[PDB]
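Single-structure report; data block below.
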Amino acid sequence: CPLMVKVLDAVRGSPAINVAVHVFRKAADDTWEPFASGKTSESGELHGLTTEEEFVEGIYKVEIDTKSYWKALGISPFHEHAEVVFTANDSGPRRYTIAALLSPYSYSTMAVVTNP
Amino acid sequence: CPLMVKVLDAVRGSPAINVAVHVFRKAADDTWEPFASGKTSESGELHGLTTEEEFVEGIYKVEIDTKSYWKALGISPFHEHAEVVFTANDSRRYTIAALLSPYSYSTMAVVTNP
Amino acid sequence: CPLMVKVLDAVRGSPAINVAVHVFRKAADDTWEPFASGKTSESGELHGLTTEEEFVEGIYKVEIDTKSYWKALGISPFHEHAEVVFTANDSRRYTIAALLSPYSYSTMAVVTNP
Amino acid sequence: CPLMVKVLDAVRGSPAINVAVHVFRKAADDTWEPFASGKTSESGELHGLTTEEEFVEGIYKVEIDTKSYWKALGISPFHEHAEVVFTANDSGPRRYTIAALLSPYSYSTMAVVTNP
């Protein structure tokens with residue numbers, strides 16, 4: 001898995017389930033082009049977004065739709081989403097795990113980058 | 001001061017000084033319109049971005065230039081920048097804080113009523 | 001003010017008010033000796049814990065009573081308290097910040113030189 | 001695994017490997033009694049600390065020896081360790097994952113609690 005996203009809920013002490021995630025890649029004309037999307041599973045993880053072949057060098061944006069997540073649990077949160085923007089694969093293929101820990105008025109995000 | 005931004009450095013345990021911050025407001029065509037900008041002070045804070053008159057309800061984006069901060073320190077970072085996107089609601093002062101590490105950041109909003 | 005403690009609430013986006021904070025200093029027999037205490041203010045801050053004369057080099061523990069904070073709000077929390085343990089070094093002011101959620105907390109130290 | 005500890009390094013974007021972890025349980029006389037210990041693996045995880053039978057109700061303290069970790073990487077960090085203190089199994093057996101994200105002058109800790 002070259003790109004995996006994991007989301008946790010710091011209010012419940014649980015995976016954040018059914019969180020929508022949209023990935024974009026910056027195009028030549030500097031616009032954000034849709035690249036992949038999905039939703040987190042019961043484990044809070046989203047696998048299978050892309051492949052080694054498709055996940056070329058570029059600048060990527062992972063959008064985690066946190067506001068929709070919170071509202072469905074009865075909470076009106078601060079952020080619209082959590083964005084994670086990074087250059088990927090510029091020194092060759094890597095595996096990326098993007099983690100996000102969510103609270104209504106805060107989030108943390110961490111990346112683990114490993115060489116296959 | 002309806003909007004203040006504070007940035008901290010978790011590698012050195014210090015304010016993050018001279019960090020560029022850009023604020024955008026979402027326009028009717030869904031594009032991001034430049035709204036305000038500046039650089040953090042020696043206290044890691046950025047004051048005077050906007051005014052009560054000007055800071056109307058809407059969706060705002062605060063972009064914090066973290067990559068350039070780390071690059072100047074000779075540290076290799078993960079993110080291009082940190083982004084904080086939120087809706088301003090009438091019914092208060094917003095403090096957006098960001099705690100920076102090379103491969104992680106934490107952001108928090110403190111919303112208080114005068 | 002050589003030591004200040006700030007506590008924030010990530011569920012409500014506010015200062016964490018009236019949080020009990022206890023500071024201990026490690027004694028020669030390795031036990032924790034009560035050193036200072038108080039409750040956070042309406043700004044979530046606790047000032048005046050100690051003085052320059054009294055805050056000598058040594059290992060200190062700051063205990064933040066998070067469980068009681070959440071219980072009063074009717075929210076079920078994970079931790080008994082948050083603990084911040086560190087060595088004071090001569091060669092500055094310490095700000096210990098804690099950002100609280102029911103099953104998580106983040107703590108940060110800002111160490112600055114007058 | 002009723003109790004697992006996971007540690008990540010926010011400077012390197014990697015698991016925190018070979019981090020010593022000491023677990024204590026509060027005794028009847030309110031002293032901290034040694035309960036289990038170990039070190040994180042190449043994945044940043046520490047498994048096998050205890051068993052369902054041994055991990056009874058109580059107040060537990062997980063000490064993560066962060067200072068020793070940082071010093072060996074050339075960094076003089078702020079904290080002596082990261083402590084995580086919690087009541088466990090007071091409503092029956094649960095599985096606990098304690099995660100810690102480390103920086104030299106900060107850390108985050110999160111617990112995921114699941115019912116078998």
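Just so we're on the same page: first chain in the structure tokens is A, next is B, and so on; residues restart at 1 for each chain, and ligands are numbered from 1 in the order they show up.
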
With a distance cut-off of 12 Å and only C-alpha atoms, select the neighbouring residues of residue 12 of chain B, excluding the residue or stretch itself and same-chain residues fewer than 3 positions from it, and output the selection as a list in words. residues 8, 9, 15, 16, 17, 70, 73, 75, 99, 100, 101 and 102 of chain B; 108, 109, 110, 111 and 112 of chain C; 11, 75, 76, 77, 78, 103, 104, 105 and 106 of chain D

7 Å contact set for segment 83-91 of chain C, only C-alpha atoms, chain neighbours under 4 positions out, as an MDAnalysis selection string: (chainID C and resid 57:64) or (chainID D and resid 78:81 83)

Expected answer as an mmCIF file with N, CA and C atoms, in the first residue's frame: chain D residues within 8 Å of chain A, only C-alpha atoms:
data_model
loop_
_atom_site.group_PDB
_atom_site.id
_atom_site.type_symbol
_atom_site.label_atom_id
_atom_site.label_comp_id
_atom_site.auth_asym_id
_atom_site.auth_seq_id
_atom_site.Cartn_x
_atom_site.Cartn_y
_atom_site.Cartn_z
ATOM 1 N N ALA D 10 8.078 11.930 15.557
ATOM 2 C CA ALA D 10 7.607 13.011 14.683
ATOM 3 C C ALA D 10 8.733 13.827 14.068
ATOM 4 N N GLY D 13 9.563 10.775 11.166
ATOM 5 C CA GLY D 13 8.463 10.219 10.384
ATOM 6 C C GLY D 13 8.521 8.705 10.344
ATOM 7 N N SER D 14 8.728 8.112 11.509
ATOM 8 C CA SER D 14 9.021 6.692 11.616
ATOM 9 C C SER D 14 8.525 6.158 12.928
ATOM 10 N N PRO D 15 8.371 4.835 13.028
ATOM 11 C CA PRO D 15 8.234 4.233 14.354
ATOM 12 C C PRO D 15 9.418 4.615 15.231
ATOM 13 N N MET D 110 -2.719 9.076 22.953
ATOM 14 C CA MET D 110 -4.087 8.744 22.617
ATOM 15 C C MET D 110 -4.369 7.313 23.072
ATOM 16 N N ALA D 111 -5.547 7.008 23.578
ATOM 17 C CA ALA D 111 -5.893 5.625 23.873
ATOM 18 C C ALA D 111 -7.064 5.176 23.027
ATOM 19 N N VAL D 112 -6.951 3.990 22.438
ATOM 20 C CA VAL D 112 -8.091 3.332 21.823
ATOM 21 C C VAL D 112 -8.494 2.167 22.724
ATOM 22 N N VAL D 113 -9.765 2.138 23.096
ATOM 23 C CA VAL D 113 -10.283 1.156 24.019
ATOM 24 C C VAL D 113 -11.358 0.392 23.280
ATOM 25 N N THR D 114 -11.223 -0.928 23.206
ATOM 26 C CA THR D 114 -12.195 -1.750 22.498
ATOM 27 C C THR D 114 -12.699 -2.873 23.384
#

Out of B:78, B:43, B:2, B:95, which residue has the shortest atom-to-atom distance to chain D when counting only C-alpha atoms? B:78

Within 8 Å of residue 56 of chain A, counting only C-alpha atoms, which residues show up once you throw out same-chain ones fewer than 5 positions away? Write them as a ChimeraX atom specification, please. /A:88-89,93

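Residues within 12 Å of residue 71 of chain C, counting only C-alpha atoms and excluding same-chain residues fewer than 6 positions away, are residues 19, 65, 77, 78, 79, 80, 81 and 102 of chain C.
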
Identify, on the basis of only C-alpha atoms, every residue whose closest approach to residue 54 of chain B does not exceed 12 Å; exclude the query and any residue fewer than 4 positions from it along the same chain; express the result as a CSV table (one decimal) with N, CA, C and O atoms, in the first residue's frame.
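Done, and the output landed in part.csv:
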chain,number,residue,atom,x,y,z
B,1,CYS,N,-9.1,42.4,17.9
B,1,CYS,CA,-8.3,41.4,17.2
B,1,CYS,C,-9.2,40.1,17.1
B,1,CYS,O,-9.2,39.2,17.9
B,2,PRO,N,-10.0,40.0,16.0
B,2,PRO,CA,-10.9,38.9,15.9
B,2,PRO,C,-10.2,37.6,15.5
B,2,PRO,O,-10.7,36.5,15.7
B,3,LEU,N,-9.0,37.7,14.9
B,3,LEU,CA,-8.2,36.5,14.5
B,3,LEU,C,-6.7,36.7,14.8
B,3,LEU,O,-6.1,37.6,14.3
B,25,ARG,N,-10.2,33.9,2.0
B,25,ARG,CA,-11.6,33.8,2.2
B,25,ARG,C,-12.2,33.2,1.0
B,25,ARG,O,-11.9,33.5,-0.2
B,35,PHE,N,-6.8,37.3,1.6
B,35,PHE,CA,-7.6,38.1,2.6
B,35,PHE,C,-6.6,38.9,3.5
B,35,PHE,O,-6.9,40.1,3.8
B,36,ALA,N,-5.6,38.3,4.0
B,36,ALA,CA,-4.6,38.9,4.9
B,36,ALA,C,-3.4,38.0,5.0
B,36,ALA,O,-3.4,36.9,4.7
B,48,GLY,N,-3.2,41.5,14.3
B,48,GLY,CA,-3.6,42.6,13.4
B,48,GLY,C,-3.9,42.1,11.9
B,48,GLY,O,-3.8,42.9,11.0
B,49,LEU,N,-4.2,40.9,11.7
B,49,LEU,CA,-4.5,40.4,10.4
B,49,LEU,C,-5.8,41.0,9.8
B,49,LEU,O,-5.8,41.3,8.6
B,50,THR,N,-6.8,41.2,10.7
B,50,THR,CA,-8.1,41.7,10.2
B,50,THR,C,-8.8,42.6,11.2
B,50,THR,O,-8.2,42.8,12.3
B,58,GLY,N,-18.2,33.5,6.9
B,58,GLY,CA,-17.7,32.9,5.7
B,58,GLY,C,-16.7,31.8,6.1
B,58,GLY,O,-16.4,31.6,7.2
B,88,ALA,N,-16.3,31.1,10.0
B,88,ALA,CA,-16.5,32.1,11.0
B,88,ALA,C,-18.0,32.3,11.2
B,88,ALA,O,-18.7,32.5,10.3

Can I get the residues of chain C within 6 Å of chain A, each with the closest pair of atoms and their distance in Å to one decimal, using only C-alpha atoms, sorted chain first then ascending number, as JSON lines?
{"residue": "C:10", "atom": "CA", "partner": "A:105", "partner_atom": "CA", "distance": 5.0}
{"residue": "C:11", "atom": "CA", "partner": "A:104", "partner_atom": "CA", "distance": 5.1}
{"residue": "C:13", "atom": "CA", "partner": "A:105", "partner_atom": "CA", "distance": 5.1}
{"residue": "C:102", "atom": "CA", "partner": "A:11", "partner_atom": "CA", "distance": 5.1}
{"residue": "C:103", "atom": "CA", "partner": "A:10", "partner_atom": "CA", "distance": 5.0}
{"residue": "C:104", "atom": "CA", "partner": "A:10", "partner_atom": "CA", "distance": 5.6}

Print the selection's residues with N, CA and C atoms to a file, as a JSON list (two decimals), in the first residue's frame.
[["chain", "number", "residue", "atom", "x", "y", "z"],
["C", 10, "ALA", "N", -10.07, 20.85, 24.03],
["C", 10, "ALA", "CA", -10.22, 20.61, 22.58],
["C", 10, "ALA", "C", -11.62, 20.14, 22.20],
["C", 11, "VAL", "N", -12.49, 19.92, 23.18],
["C", 11, "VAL", "CA", -13.87, 19.57, 22.88],
["C", 11, "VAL", "C", -14.72, 20.82, 22.69],
["C", 13, "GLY", "N", -13.16, 24.07, 22.53],
["C", 13, "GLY", "CA", -12.36, 25.13, 21.94],
["C", 13, "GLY", "C", -12.22, 26.32, 22.86],
["C", 102, "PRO", "N", -11.01, 13.89, 25.72],
["C", 102, "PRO", "CA", -11.38, 12.84, 26.68],
["C", 102, "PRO", "C", -10.46, 11.62, 26.62],
["C", 103, "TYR", "N", -9.98, 11.19, 25.45],
["C", 103, "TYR", "CA", -9.10, 10.02, 25.35],
["C", 103, "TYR", "C", -7.73, 10.37, 24.82],
["C", 104, "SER", "N", -7.37, 11.64, 24.83],
["C", 104, "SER", "CA", -6.06, 12.04, 24.34],
["C", 104, "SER", "C", -5.62, 13.34, 24.98]]

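In terms of minimum interatomic distance to residue 38 of chain D, D:6 ranks closest within D:6, D:95, D:26, D:71, counting only C-alpha atoms.
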
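If you count only C-alpha atoms and ignore residues fewer than 2 places along the chain from residue 3 of chain A, what sits within 8 Å of it is residues 1, 5, 47, 48, 49, 50, 95, 96, 97 and 98 of chain A.
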
Convert the current residue selection to file output with C-alpha atoms, as a JSON list (two decimals), in the first residue's frame.
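Full text of selection39.json as output:
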[["chain", "number", "residue", "atom", "x", "y", "z"],
["A", 1, "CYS", "CA", 0.00, 0.00, 0.00],
["A", 5, "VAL", "CA", -4.94, 6.93, 5.76],
["A", 47, "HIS", "CA", -6.59, 1.15, 2.11],
["A", 48, "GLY", "CA", -6.36, 0.71, -1.65],
["A", 49, "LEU", "CA", -6.44, 4.38, -2.66],
["A", 50, "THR", "CA", -3.73, 3.96, -5.28],
["A", 95, "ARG", "CA", 5.05, 4.11, 1.38],
["A", 96, "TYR", "CA", 3.08, 6.79, 3.22],
["A", 97, "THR", "CA", 0.81, 6.40, 6.22],
["A", 98, "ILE", "CA", -1.12, 9.57, 7.01]]
